[PDB]
Structure formats: C-alpha cells, structure tokens
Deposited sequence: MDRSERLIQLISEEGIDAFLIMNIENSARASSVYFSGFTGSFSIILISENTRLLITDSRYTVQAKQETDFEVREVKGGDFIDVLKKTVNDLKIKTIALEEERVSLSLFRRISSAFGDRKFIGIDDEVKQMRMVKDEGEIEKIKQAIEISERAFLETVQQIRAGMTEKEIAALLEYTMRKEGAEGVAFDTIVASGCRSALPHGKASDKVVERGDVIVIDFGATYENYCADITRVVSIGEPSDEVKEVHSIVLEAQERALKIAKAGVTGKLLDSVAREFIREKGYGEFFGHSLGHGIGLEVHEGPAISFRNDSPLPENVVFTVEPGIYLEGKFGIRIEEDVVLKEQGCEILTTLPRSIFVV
C-alpha cells in the first residue's frame, strides 16, 4: 500500500504538477516506502495526477512490482525520467531538498532547465510526523514482537557471552516472533561500555557484575520499535539501583506532562530539572527522545532545542539517560503516542533492572 493519494491532494492544492523522489543508496528510503510501498535502496519515483512511476535497476525490478501498484521501469535515470516529465507536460516538480545531494540537484537542474522545482520538505515531514491509526497499529506490532523476543532472550544472557552474541540472539529471536527486519544495529553495552550513550554491540566479553544497557527494536510492515532496558549480571549495586531509580522517575515526570500542545523542549526540561537537582546534571543524556515510524530517527525531536508545539498522534520516545564516564550508564526508553489530554504508552516491558 501507499499514501500517494494524500500526496497528490497536497501538491494539487498548490498547483504543483508532480512530486519527484530520488532514492539512491537509500537516500530517500522512507519517502519511497511511504509514498510507493517499495522498500529497496534504489527508486526514482514520479507521482502526479493519474501517474505513478517507479524507476529502479535489475536488482529490484521484480520486488518493486510485488510491493507497489506503480508503473515500474528498469534502467543513469535522468534521461529516462525526462522523457516522462516531458510527455506528461509536467512543469512544476516538488522535491525534498533535504534528501537530494548538491551534486545530484545540479545534475537535475541542468537537465531540467525549463522546469520549476519546489521544496516540500516541511509538508512531507508534517505528513509523516502525524501517524494514522493504521501506522500506530504497525508500530505497536513491532513493539510487541520486540518485547516478546526480549523476554525470551534475557534469561539466556550470561557471563562469557560477547555483546554481539547477545545482540545476535535477540535479533534472531525477534525474527522468530515475526520481525521482518531490525530497525537499527542492536546496542548491547556492558560494564564500562554502558557509559557510552550510543555505541554498538562489540566483541567485548560480558563479565559477572556487569550492568548492560540494551537498546533494540524490530521492524514490522515497515514500522519501527525502539526500546531500551537494563540487565544486570547478578544483583546490581546500591549505586546502580539509585541511578536507575532517578532515570525512571525522570522518565515518569516527562510522561506526566505530555499532551498535545506540549513542546519537545518542555518535555526534555522536566526530566532535565529533576535529574540536575538530584546532582546528576553533568551525566544527563543529550536529548530526551526522538520520533519513530518508518525510521528510528524522525520527527519530533524531544530535545532542549525543539520549541515546536506537538500535535496529537505524533509518536516518539522518552528515554532519559545518566552516564557515569568510566563506570556505567543507565537508560530506559518507552515509545509513546501523543494524545489530546495526555499520552498513550505503547511499550509494556517492566522497567526494573532485569537481574540474570
């Protein structure tokens, strides 16, 4: 399926003839998926009234015909695309100028010298930021898959395994539960590595006593989950327990004020204020969260710098973190949907430390 219909409605309202997506090496993967249903890394998509064209190479010709109801052409795509643009008398073309390189844009500009280009990045971003109930359903499914897999994987964790072996098991188990991919490189940060906010599962061997931050998420029907929980090999120290309690309380304070109209800045501020008055401000994470959907990193940004009022049905994460350099770190993350007078938490896993 695809949402090309609402896109057509969008450009037609402004008299724009067509929308061009240039997905090369996944440069516009999410847009390609959202507007055509194609999940591949290469796709040149042209959408206009009564026109749905998708140009891709031999690696994806069959796939594109399976995933979309577009007219698929196999192919250097500029000359091929221009033929259609001219045959359909398309004069104005909308583009996502944040998703086209300067060099490619100059190539397109030179080839289409008699055309007018219109950046619609803001409109497309707003379109994707507010999820339909169908999308929220898919995100929830991805979360359900992720959580079931986590529960089956967590007790199998033990000293001697490498962080990558743990990540491997979790990812394969998500596939067992229905995941059709992984949303991002699973993070399994053990011991001192747990103090690194966003590293990745490494060859480091997990040791007894290790605090382990696990950030994971499956994809299902193209939508993503993003969950973070903490595991401890053996009973955690009182200090670890205390930092964990502060993180949990900070998260809950942000969740209590989340409602339509709130800004990412305000949400971030309540967690930030709570943590710093406890004396841990210098160890607080960079931002409180981010949006999710077709991607693990999309709007809205739940940070100190985002003062934009958030409308209902945006989907984002709430994940305060406290990292003590050279010692350990703690981060707990929920996925939520903003609603008119509060929010809807989609994650359900216990937030307590999983002691194994």
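Asks: Which regions of the deposited sequence are unaccounted for in the modelled residues, listed N- to C-terminal?
Replies: Deposited residues absent from the model fall in 76-78 alone.
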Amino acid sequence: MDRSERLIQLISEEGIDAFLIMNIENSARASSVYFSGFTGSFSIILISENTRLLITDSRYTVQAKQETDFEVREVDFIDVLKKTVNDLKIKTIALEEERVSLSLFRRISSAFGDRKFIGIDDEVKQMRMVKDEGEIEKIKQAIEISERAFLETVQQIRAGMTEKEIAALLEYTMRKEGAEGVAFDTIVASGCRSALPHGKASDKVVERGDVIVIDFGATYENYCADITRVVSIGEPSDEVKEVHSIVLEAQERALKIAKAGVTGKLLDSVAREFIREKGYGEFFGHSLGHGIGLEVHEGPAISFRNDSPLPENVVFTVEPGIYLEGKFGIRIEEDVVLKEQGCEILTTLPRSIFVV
From here on, numbers count along this sequence of modelled residues.
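Asks: Look up the CA B-factors in the entry and say which stretch, 270-278 or 220-228, has the higher mean.
Replies: So the stretch with the higher mean C-alpha B-factor is 270-278.
Asks: Which has the higher mean CA temperature factor in the PDB entry, 131-139 or 181-189?
Replies: The stretch with the larger mean CA B-factor is 181-189.
Asks: If you check the C-alpha B-factor for each of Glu96, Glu74, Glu147, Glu165 in the entry, which is highest?
Replies: Reading the PDB entry, the winner on C-alpha B-factor is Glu74.
Asks: Can you tell me which of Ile330, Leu54, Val33, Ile302 has the highest Cα temperature factor in the record?
Replies: Reading the PDB entry, the winner on C-alpha B-factor is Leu54.
Asks: What third of the chain, by the recorded C-alpha B-factor, contains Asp121?
Replies: Answer is middle: the recorded C-alpha B-factor places it there.
Asks: Within this chain, which third does the Cα B-factor at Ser12 fall in: lowest, middle or highest?
Replies: According to the entry, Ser12 has a C-alpha B-factor in the chain's highest third.
Asks: Ranked by Cα temperature factor within the chain, is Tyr172 in the lowest third, the middle third or the highest third?
Replies: Its C-alpha B-factor belongs to the lowest third of this chain's values.
Asks: Against its chain's modelled residues, does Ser27's Cα B factor rank lowest, middle or highest third?
Replies: As the PDB entry reports it, the C-alpha B-factor of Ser27 lands in the highest third of its chain.
Asks: Grab the CA temperature factor for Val213 from the record and place it in the lowest, middle or highest third of its chain.
Replies: Within its chain, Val213 is a lowest-third residue by C-alpha B-factor, going by the deposited values.
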